[PDB]
file start-v2.txt (compact mmCIF, C-alpha atoms)
# COMPACT_ATOMS: atom_id res chain seq x y z
CA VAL A 1 -21.96 28.14 -4.02
CA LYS A 2 -18.17 28.22 -4.39
CA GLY A 3 -16.10 25.04 -4.45
CA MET A 4 -12.56 25.07 -3.01
CA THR A 5 -10.20 22.34 -4.28
CA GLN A 6 -7.03 21.54 -2.30
CA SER A 7 -4.15 19.55 -3.72
CA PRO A 8 -2.77 17.08 -2.76
CA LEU A 9 -5.16 15.76 -0.12
CA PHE A 10 -2.31 13.65 1.34
CA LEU A 11 1.15 15.24 1.48
CA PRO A 12 4.24 13.23 2.45
CA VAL A 13 7.01 15.57 3.60
CA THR A 14 10.66 15.24 4.60
CA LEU A 15 11.86 17.10 7.68
CA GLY A 16 14.04 20.06 6.73
CA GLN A 17 12.68 20.09 3.15
CA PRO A 18 10.09 22.47 1.67
CA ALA A 19 6.45 21.57 1.21
CA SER A 20 3.56 23.26 -0.54
CA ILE A 21 -0.22 22.87 -0.74
CA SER A 22 -2.38 24.31 -3.52
CA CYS A 23 -5.89 25.72 -3.21
CA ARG A 24 -8.12 26.58 -6.17
CA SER A 25 -11.42 28.47 -6.10
CA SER A 26 -14.28 27.93 -8.55
CA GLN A 27 -14.91 31.72 -8.55
CA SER A 28 -12.83 34.87 -8.45
CA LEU A 29 -12.03 35.81 -4.83
CA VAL A 30 -11.39 39.50 -5.50
CA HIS A 31 -13.61 41.56 -3.19
CA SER A 32 -15.06 44.89 -4.30
CA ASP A 33 -12.80 46.63 -1.78
CA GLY A 34 -9.85 45.36 -3.84
CA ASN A 35 -8.60 42.70 -1.42
CA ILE A 36 -8.64 38.91 -1.76
CA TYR A 37 -9.80 37.30 1.50
CA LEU A 38 -8.20 33.85 1.43
CA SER A 39 -7.07 32.27 4.71
CA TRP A 40 -5.16 29.16 5.74
CA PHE A 41 -5.70 27.08 8.89
CA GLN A 42 -3.78 24.33 10.67
CA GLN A 43 -5.59 21.63 12.66
CA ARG A 44 -3.89 19.08 14.91
CA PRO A 45 -5.77 15.97 16.04
CA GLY A 46 -8.19 16.66 18.87
CA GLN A 47 -7.70 20.41 18.45
CA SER A 48 -9.59 23.22 16.78
CA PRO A 49 -8.39 24.94 13.61
CA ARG A 50 -5.84 27.70 14.12
CA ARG A 51 -5.47 30.50 11.60
CA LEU A 52 -2.05 30.70 9.95
CA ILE A 53 -2.61 33.10 7.07
CA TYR A 54 -5.20 35.75 6.15
CA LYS A 55 -5.71 37.93 3.05
CA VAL A 56 -3.51 35.58 0.97
CA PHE A 57 -0.14 36.81 2.34
CA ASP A 58 -0.41 38.00 5.95
CA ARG A 59 0.77 35.80 8.84
CA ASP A 60 -1.27 35.54 12.00
CA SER A 61 0.15 35.82 15.51
CA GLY A 62 2.39 33.03 16.72
CA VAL A 63 2.90 31.60 13.23
CA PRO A 64 6.60 30.97 12.42
CA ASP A 65 7.94 32.73 9.38
CA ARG A 66 8.64 29.39 7.68
CA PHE A 67 4.94 29.54 6.66
CA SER A 68 4.03 31.79 3.76
CA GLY A 69 1.01 32.30 1.52
CA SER A 70 0.85 33.31 -2.12
CA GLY A 71 -1.56 33.47 -4.98
CA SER A 72 -3.96 35.43 -7.12
CA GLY A 73 -7.21 35.11 -8.98
CA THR A 74 -8.35 31.59 -8.20
CA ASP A 75 -5.04 29.82 -7.41
CA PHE A 76 -3.33 30.00 -4.02
CA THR A 77 -0.46 28.25 -2.30
CA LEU A 78 0.62 27.60 1.27
CA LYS A 79 4.39 27.06 1.50
CA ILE A 80 6.53 25.73 4.33
CA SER A 81 10.16 26.55 3.62
CA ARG A 82 11.70 23.86 5.89
CA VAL A 83 9.27 21.34 7.37
CA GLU A 84 9.65 20.66 11.09
CA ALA A 85 8.09 17.84 13.09
CA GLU A 86 5.39 20.07 14.61
CA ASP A 87 4.12 20.88 11.09
CA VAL A 88 2.71 17.36 10.62
CA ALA A 89 -0.99 18.27 10.86
CA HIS A 90 -4.04 18.93 8.69
CA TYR A 91 -4.25 22.16 6.66
CA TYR A 92 -7.36 23.88 5.27
CA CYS A 93 -7.77 26.79 2.96
CA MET A 94 -10.85 28.97 3.34
CA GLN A 95 -12.16 31.67 1.04
CA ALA A 96 -13.65 34.53 3.05
CA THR A 97 -14.57 36.93 0.23
CA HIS A 98 -18.00 35.43 -0.51
CA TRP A 99 -20.51 34.95 2.30
CA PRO A 100 -20.51 32.73 4.34
CA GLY A 101 -17.04 31.44 3.42
CA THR A 102 -15.98 28.05 2.07
CA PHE A 103 -13.35 25.57 3.28
CA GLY A 104 -11.22 23.30 1.15
CA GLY A 105 -11.42 19.62 1.89
CA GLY A 106 -8.25 19.50 3.97
CA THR A 107 -4.71 18.24 3.39
CA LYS A 108 -3.08 15.68 5.68
CA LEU A 109 0.70 15.93 6.06
CA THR A 110 2.62 12.78 6.82
CA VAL A 111 6.31 11.88 7.02
CA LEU A 112 7.81 10.27 3.93
CA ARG A 113 9.88 7.08 4.34
CA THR A 114 10.97 4.02 2.37
CA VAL A 115 8.49 1.36 1.29
CA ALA A 116 7.92 -1.28 3.97
CA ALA A 117 5.86 -4.40 3.35
CA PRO A 118 3.40 -5.41 6.06
CA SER A 119 3.75 -8.38 8.33
CA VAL A 120 0.39 -10.18 8.07
CA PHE A 121 -1.37 -12.23 10.78
CA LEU A 122 -4.79 -13.92 10.89
CA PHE A 123 -6.73 -14.64 14.11
CA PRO A 124 -9.64 -17.10 14.30
CA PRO A 125 -12.59 -16.28 16.58
CA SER A 126 -12.09 -17.30 20.21
CA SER A 127 -14.10 -20.09 21.82
CA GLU A 128 -15.32 -17.48 24.34
CA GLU A 129 -16.81 -15.38 21.54
CA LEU A 130 -18.26 -18.39 19.73
CA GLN A 131 -20.45 -19.06 22.76
CA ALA A 132 -21.93 -15.57 22.09
CA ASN A 133 -23.45 -16.61 18.77
CA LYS A 134 -21.22 -14.37 16.59
CA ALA A 135 -17.71 -14.86 15.16
CA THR A 136 -15.05 -12.22 14.46
CA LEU A 137 -11.99 -13.03 12.35
CA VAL A 138 -9.18 -10.50 12.48
CA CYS A 139 -6.51 -9.81 9.87
CA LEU A 140 -3.59 -7.67 11.06
CA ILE A 141 -1.26 -5.79 8.70
CA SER A 142 1.66 -4.61 10.86
CA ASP A 143 4.17 -1.77 10.33
CA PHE A 144 3.89 -0.96 6.62
CA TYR A 145 4.41 2.05 4.36
CA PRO A 146 2.82 3.71 2.42
CA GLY A 147 -0.64 3.72 3.97
CA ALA A 148 -2.51 2.41 0.94
CA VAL A 149 -3.33 -1.30 1.16
CA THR A 150 -6.06 -3.69 -0.04
CA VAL A 151 -7.47 -6.51 2.11
CA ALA A 152 -9.87 -9.07 0.64
CA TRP A 153 -11.65 -11.83 2.59
CA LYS A 154 -12.48 -15.27 1.22
CA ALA A 155 -14.53 -17.96 2.97
CA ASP A 156 -14.24 -21.32 1.19
CA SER A 157 -12.89 -19.29 -1.77
CA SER A 158 -15.96 -17.05 -1.95
CA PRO A 159 -15.06 -13.32 -1.86
CA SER A 160 -16.86 -11.51 0.92
CA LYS A 161 -18.62 -8.15 0.63
CA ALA A 162 -19.79 -6.12 3.57
CA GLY A 163 -19.25 -7.96 6.75
CA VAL A 164 -15.75 -6.45 7.11
CA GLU A 165 -14.54 -3.23 8.72
CA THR A 166 -11.04 -1.73 8.65
CA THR A 167 -9.17 0.43 11.16
CA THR A 168 -5.78 2.13 10.67
CA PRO A 169 -3.50 3.82 13.28
CA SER A 170 -1.88 7.13 12.81
CA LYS A 171 1.69 7.14 11.56
CA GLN A 172 4.16 5.95 14.23
CA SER A 173 7.73 7.22 14.91
CA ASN A 174 9.21 4.59 12.65
CA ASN A 175 6.77 6.36 10.27
CA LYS A 176 4.80 3.18 9.51
CA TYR A 177 1.10 2.34 9.68
CA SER A 178 -0.75 -0.72 10.91
CA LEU A 179 -4.20 -1.88 9.85
CA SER A 180 -6.83 -4.30 11.06
CA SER A 181 -9.61 -5.81 9.01
CA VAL A 182 -12.34 -7.60 10.95
CA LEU A 183 -14.76 -10.05 9.32
CA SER A 184 -18.00 -10.56 11.25
CA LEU A 185 -20.15 -13.66 10.67
CA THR A 186 -22.84 -15.48 12.60
CA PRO A 187 -21.54 -18.65 14.25
CA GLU A 188 -23.95 -20.74 12.17
CA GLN A 189 -22.28 -19.31 9.08
CA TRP A 190 -18.83 -19.69 10.65
CA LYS A 191 -19.48 -23.39 11.33
CA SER A 192 -20.81 -23.84 7.77
CA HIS A 193 -17.37 -23.23 6.20
CA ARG A 194 -13.78 -24.45 6.43
CA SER A 195 -11.16 -22.12 4.92
CA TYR A 196 -10.90 -18.51 6.13
CA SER A 197 -8.39 -16.38 4.25
CA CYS A 198 -7.18 -12.77 4.29
CA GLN A 199 -5.44 -11.63 1.08
CA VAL A 200 -3.28 -8.50 1.30
CA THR A 201 -2.11 -6.29 -1.57
CA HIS A 202 0.53 -3.63 -0.92
CA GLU A 203 3.79 -2.43 -2.40
CA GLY A 204 4.98 -5.96 -1.52
CA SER A 205 3.36 -8.56 -3.73
CA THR A 206 0.09 -10.23 -2.61
CA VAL A 207 0.13 -12.33 0.55
CA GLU A 208 -2.52 -14.73 1.85
CA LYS A 209 -2.90 -15.78 5.47
CA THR A 210 -5.44 -18.51 6.13
CA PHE A 211 -6.72 -21.08 8.59
CA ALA A 212 -9.07 -24.06 8.59
CA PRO A 213 -11.65 -24.17 11.43
CA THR A 214 -14.27 -26.77 10.88

call {"tool": "encode", "arguments": {"input": "start-v2.txt", "output": "structure tokens"}}
result
Amino acid sequence: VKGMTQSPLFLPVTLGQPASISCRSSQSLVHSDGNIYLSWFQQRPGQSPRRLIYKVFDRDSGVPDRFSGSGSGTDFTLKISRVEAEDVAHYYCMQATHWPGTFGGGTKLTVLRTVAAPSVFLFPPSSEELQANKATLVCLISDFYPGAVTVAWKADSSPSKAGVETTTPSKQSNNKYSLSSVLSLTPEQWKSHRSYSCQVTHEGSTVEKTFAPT
């Protein structure tokens, strides 16, 4: 019934610079044999976790010495002395002292870069789709940083709730993100209204892209 808290959950890093991730346990992890069984794992997308560290300090096979573990009591740290590109991954701590173990929530490492405002585009539903008796309106937020962004939909100035889903790519090798937000309406409802607008908030200002159908 232990809770493991990792911090931060999202870690921007700079290549060649150090990084560190903290892990806190809600209970003492000292085992009666005198050891602390606290392990660290790396997970790349599509792959299984791979153990980096066990018993707080010890490095597992194939783990470069730029990784190190420290800590005591309930507070533990994974350190990377000089981040390399292959270190961009997820990291999990896991207490092993108390059966049956507990994982932290995971930390995602990303590459830090300068703020970049999105380019915003809006796409009306196609005539081909409108024959199908549903309408999708797509708002595209292209090549922005950081990942956090807010997209609000208005139909004839009425703010929409539910009816929209967002998707984001992984960070690219200009280190930016892109995002889509798709508003789904029935065609009866689409034909009932005139102005369709996507409003985007980011570390830019607040940009609206809109069109008039009908």

call {"tool": "atom_distance", "arguments": {"input": "start-v2.txt", "atom1": "atom CA of residue A:17", "atom2": "atom CA of residue A:84"}}
result
8.5 Å

call {"tool": "closest_residue", "arguments": {"input": "start-v2.txt", "among": "A:145, A:190, A:41, A:67", "to": "residue A:105", "atoms": "all atoms listed in the file"}}
result
A:41

call {"tool": "residues_around", "arguments": {"input": "start-v2.txt", "residues": "stretch 201-205 of chain A", "least_positions_apart": "4", "cutoff": "10 Å", "atoms": "all atoms listed in the file", "output": "list in words"}}
result
residues 115, 116, 117, 118, 144, 145, 146, 147, 148, 149, 150, 151 and 152 of chain A

call {"tool": "closest_residue", "arguments": {"input": "start-v2.txt", "among": "A:134, A:82, A:91, A:4", "to": "residue A:50", "atoms": "all atoms listed in the file"}}
result
A:91

call {"tool": "closest_residue", "arguments": {"input": "start-v2.txt", "among": "A:63, A:135, A:198, A:9", "to": "residue A:22", "atoms": "all atoms listed in the file"}}
result
A:9

call {"tool": "closest_residue", "arguments": {"input": "start-v2.txt", "among": "A:70, A:210, A:184, A:7", "to": "residue A:165", "atoms": "all atoms listed in the file"}}
result
A:184

call {"tool": "residues_around", "arguments": {"input": "start-v2.txt", "residues": "residue A:20", "least_positions_apart": "6", "cutoff": "7 Å", "atoms": "only C-alpha atoms", "output": "list in words"}}
result
residues 77, 78, 79 and 80 of chain A

call {"tool": "closest_residue", "arguments": {"input": "start-v2.txt", "among": "A:179, A:38, A:85, A:15", "to": "residue A:97", "atoms": "only C-alpha atoms"}}
result
A:38

call {"tool": "atom_distance", "arguments": {"input": "start-v2.txt", "atom1": "atom CA of residue A:196", "atom2": "atom CA of residue A:156"}}
result
6.6 Å

call {"tool": "atom_distance", "arguments": {"input": "start-v2.txt", "atom1": "atom CA of residue A:208", "atom2": "atom CA of residue A:128"}}
result
26.0 Å

call {"tool": "residues_around", "arguments": {"input": "start-v2.txt", "residues": "residue A:51", "least_positions_apart": "2", "cutoff": "10 Å", "atoms": "all atoms listed in the file", "output": "ChimeraX atom specification"}}
result
/A:39-43,48-49,53-54,59-63,91-94

call {"tool": "residues_around", "arguments": {"input": "start-v2.txt", "residues": "residue A:122", "least_positions_apart": "6", "cutoff": "12 Å", "atoms": "only C-alpha atoms", "output": "MDAnalysis selection string"}}
result
chainID A and resid 136:142 151 153 180:183 195:200 207:212

call {"tool": "write_last_selection", "arguments": {"input": "start-v2.txt", "atoms": "C-alpha atoms", "output": "compact mmCIF listing (two decimals), in the frame of the given file"}}
result
# COMPACT_ATOMS: atom_id res chain seq x y z
CA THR A 136 -15.05 -12.22 14.46
CA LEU A 137 -11.99 -13.03 12.35
CA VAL A 138 -9.18 -10.50 12.48
CA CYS A 139 -6.51 -9.81 9.87
CA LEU A 140 -3.59 -7.67 11.06
CA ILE A 141 -1.26 -5.79 8.70
CA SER A 142 1.66 -4.61 10.86
CA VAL A 151 -7.47 -6.51 2.11
CA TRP A 153 -11.65 -11.83 2.59
CA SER A 180 -6.83 -4.30 11.06
CA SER A 181 -9.61 -5.81 9.01
CA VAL A 182 -12.34 -7.60 10.95
CA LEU A 183 -14.76 -10.05 9.32
CA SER A 195 -11.16 -22.12 4.92
CA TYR A 196 -10.90 -18.51 6.13
CA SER A 197 -8.39 -16.38 4.25
CA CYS A 198 -7.18 -12.77 4.29
CA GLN A 199 -5.44 -11.63 1.08
CA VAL A 200 -3.28 -8.50 1.30
CA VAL A 207 0.13 -12.33 0.55
CA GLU A 208 -2.52 -14.73 1.85
CA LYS A 209 -2.90 -15.78 5.47
CA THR A 210 -5.44 -18.51 6.13
CA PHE A 211 -6.72 -21.08 8.59
CA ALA A 212 -9.07 -24.06 8.59

call {"tool": "closest_residue", "arguments": {"input": "start-v2.txt", "among": "A:46, A:64, A:12, A:71", "to": "residue A:28", "atoms": "all atoms listed in the file"}}
result
A:71

call {"tool": "residues_around", "arguments": {"input": "start-v2.txt", "residues": "residue A:98", "least_positions_apart": "2", "cutoff": "12 Å", "atoms": "all atoms listed in the file", "output": "PyMOL selection string"}}
result
chain A and resi 1-4+25-32+35-38+94-96+100-103

call {"tool": "residues_near_point", "arguments": {"input": "start-v2.txt", "point": "(-18.6, -21.4, 19.6)", "cutoff": "12 Å", "atoms": "all atoms listed in the file", "output": "ChimeraX atom specification"}}
result
/A:124-136,185-191,213-214

call {"tool": "decode", "arguments": {"input": "start-v2.txt", "residues": "stretch 67-214 of chain A", "atoms": "C-alpha atoms", "output": "short mmCIF file (atom, residue, chain, number, x, y, z; two decimals), in the first residue's frame"}}
result
data_model
loop_
_atom_site.label_atom_id
_atom_site.label_comp_id
_atom_site.auth_asym_id
_atom_site.auth_seq_id
_atom_site.Cartn_x
_atom_site.Cartn_y
_atom_site.Cartn_z
CA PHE A 67 23.88 6.77 -14.95
CA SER A 68 24.08 6.72 -11.17
CA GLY A 69 21.64 6.20 -8.31
CA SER A 70 21.62 7.74 -4.85
CA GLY A 71 19.40 8.11 -1.86
CA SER A 72 18.32 6.99 1.57
CA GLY A 73 15.27 6.60 3.73
CA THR A 74 12.43 7.63 1.47
CA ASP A 75 14.17 9.95 -1.04
CA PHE A 76 16.09 8.67 -4.06
CA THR A 77 17.62 10.16 -7.18
CA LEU A 78 18.58 8.94 -10.63
CA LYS A 79 21.33 11.10 -12.14
CA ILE A 80 22.66 11.30 -15.69
CA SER A 81 25.97 13.15 -15.67
CA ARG A 82 25.96 14.18 -19.37
CA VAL A 83 22.73 13.49 -21.27
CA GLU A 84 23.13 11.84 -24.67
CA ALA A 85 20.51 11.49 -27.38
CA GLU A 86 19.81 7.81 -26.59
CA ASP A 87 18.80 8.81 -23.03
CA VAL A 88 15.58 10.45 -24.24
CA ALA A 89 13.15 7.82 -22.91
CA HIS A 90 10.79 7.14 -20.01
CA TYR A 91 12.22 6.35 -16.56
CA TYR A 92 10.52 4.55 -13.66
CA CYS A 93 11.57 4.00 -10.11
CA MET A 94 10.39 0.85 -8.34
CA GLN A 95 10.60 -0.04 -4.68
CA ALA A 96 11.30 -3.75 -4.25
CA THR A 97 11.58 -3.94 -0.44
CA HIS A 98 7.85 -4.40 0.24
CA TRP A 99 5.92 -7.15 -1.54
CA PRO A 100 4.90 -7.06 -4.38
CA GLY A 101 6.84 -3.91 -5.33
CA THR A 102 5.56 -0.52 -6.46
CA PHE A 103 6.41 1.61 -9.51
CA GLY A 104 6.54 5.37 -9.70
CA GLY A 105 4.35 7.01 -12.28
CA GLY A 106 7.11 7.48 -14.84
CA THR A 107 9.16 10.43 -16.05
CA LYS A 108 9.29 11.42 -19.73
CA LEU A 109 12.54 13.02 -20.92
CA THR A 110 12.36 15.44 -23.80
CA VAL A 111 14.84 17.79 -25.48
CA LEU A 112 14.73 21.42 -24.36
CA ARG A 113 14.60 24.15 -27.03
CA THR A 114 13.46 27.75 -27.51
CA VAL A 115 9.79 28.69 -27.46
CA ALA A 116 8.15 28.33 -30.88
CA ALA A 117 4.61 29.49 -31.58
CA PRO A 118 2.40 27.14 -33.59
CA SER A 119 1.26 27.72 -37.12
CA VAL A 120 -2.52 27.19 -37.00
CA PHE A 121 -4.77 25.83 -39.79
CA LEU A 122 -8.49 24.98 -39.88
CA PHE A 123 -10.05 22.44 -42.27
CA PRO A 124 -13.79 22.25 -43.00
CA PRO A 125 -15.40 18.83 -43.52
CA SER A 126 -15.11 17.49 -47.06
CA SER A 127 -18.14 17.12 -49.33
CA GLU A 128 -17.29 13.40 -49.52
CA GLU A 129 -17.64 13.07 -45.74
CA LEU A 130 -20.78 15.20 -45.61
CA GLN A 131 -22.54 12.61 -47.76
CA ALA A 132 -21.80 10.16 -44.88
CA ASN A 133 -24.06 12.00 -42.44
CA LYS A 134 -21.26 13.16 -40.10
CA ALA A 135 -18.89 16.16 -40.21
CA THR A 136 -15.32 16.41 -38.91
CA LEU A 137 -13.59 19.78 -38.55
CA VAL A 138 -9.85 19.67 -38.01
CA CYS A 139 -7.64 22.26 -36.32
CA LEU A 140 -3.89 21.78 -36.85
CA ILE A 141 -1.24 23.32 -34.60
CA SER A 142 2.08 22.83 -36.42
CA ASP A 143 5.67 22.78 -35.11
CA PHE A 144 5.43 24.41 -31.67
CA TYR A 145 7.29 24.27 -28.36
CA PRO A 146 6.72 23.63 -25.49
CA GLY A 147 4.14 20.86 -25.74
CA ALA A 148 1.48 22.50 -23.59
CA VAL A 149 -1.30 24.15 -25.62
CA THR A 150 -5.03 24.87 -25.27
CA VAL A 151 -7.52 24.51 -28.13
CA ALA A 152 -11.12 25.66 -27.76
CA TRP A 153 -13.89 25.19 -30.33
CA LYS A 154 -16.73 27.64 -30.96
CA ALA A 155 -19.70 27.10 -33.28
CA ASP A 156 -21.64 30.33 -33.84
CA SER A 157 -19.76 31.64 -30.76
CA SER A 158 -20.97 28.80 -28.53
CA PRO A 159 -18.08 27.00 -26.76
CA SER A 160 -18.13 23.28 -27.43
CA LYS A 161 -17.65 20.53 -24.84
CA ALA A 162 -17.04 16.92 -25.68
CA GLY A 163 -17.24 16.37 -29.35
CA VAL A 164 -13.50 17.08 -29.75
CA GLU A 165 -10.47 14.82 -29.54
CA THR A 166 -6.79 15.81 -29.60
CA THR A 167 -3.71 13.97 -30.87
CA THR A 168 -0.05 15.04 -30.47
CA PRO A 169 3.10 13.64 -32.19
CA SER A 170 6.25 12.80 -30.42
CA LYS A 171 8.97 15.43 -30.41
CA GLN A 172 10.63 15.81 -33.84
CA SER A 173 14.32 16.51 -34.64
CA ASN A 174 13.71 20.22 -34.75
CA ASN A 175 12.46 19.34 -31.23
CA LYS A 176 8.93 20.66 -31.87
CA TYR A 177 5.48 19.12 -31.46
CA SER A 178 2.39 19.23 -33.63
CA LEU A 179 -1.20 18.75 -32.50
CA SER A 180 -4.56 18.07 -34.08
CA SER A 181 -7.94 18.77 -32.56
CA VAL A 182 -10.93 17.22 -34.33
CA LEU A 183 -14.50 18.40 -33.76
CA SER A 184 -17.15 15.83 -34.67
CA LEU A 185 -20.75 16.90 -35.36
CA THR A 186 -23.72 15.40 -37.15
CA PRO A 187 -24.29 16.97 -40.57
CA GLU A 188 -27.70 18.21 -39.45
CA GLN A 189 -25.94 20.12 -36.69
CA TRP A 190 -23.17 21.20 -39.08
CA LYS A 191 -25.74 22.65 -41.50
CA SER A 192 -27.53 24.39 -38.60
CA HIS A 193 -24.61 26.79 -37.97
CA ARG A 194 -22.40 29.25 -39.82
CA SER A 195 -19.13 30.15 -38.05
CA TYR A 196 -16.68 27.41 -37.05
CA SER A 197 -13.68 28.60 -35.07
CA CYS A 198 -10.62 27.06 -33.42
CA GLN A 199 -8.97 29.25 -30.75
CA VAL A 200 -5.39 28.38 -29.76
CA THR A 201 -3.55 29.42 -26.60
CA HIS A 202 0.20 28.82 -26.34
CA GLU A 203 3.32 30.72 -25.41
CA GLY A 204 2.37 32.92 -28.40
CA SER A 205 -0.73 34.96 -27.67
CA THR A 206 -4.18 33.56 -28.59
CA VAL A 207 -4.95 32.90 -32.25
CA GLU A 208 -8.30 32.16 -33.88
CA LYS A 209 -8.74 30.38 -37.20
CA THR A 210 -12.27 30.27 -38.55
CA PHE A 211 -14.48 29.63 -41.56
CA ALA A 212 -18.10 30.18 -42.58
CA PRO A 213 -19.86 27.16 -44.15
CA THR A 214 -23.55 27.66 -44.46
#
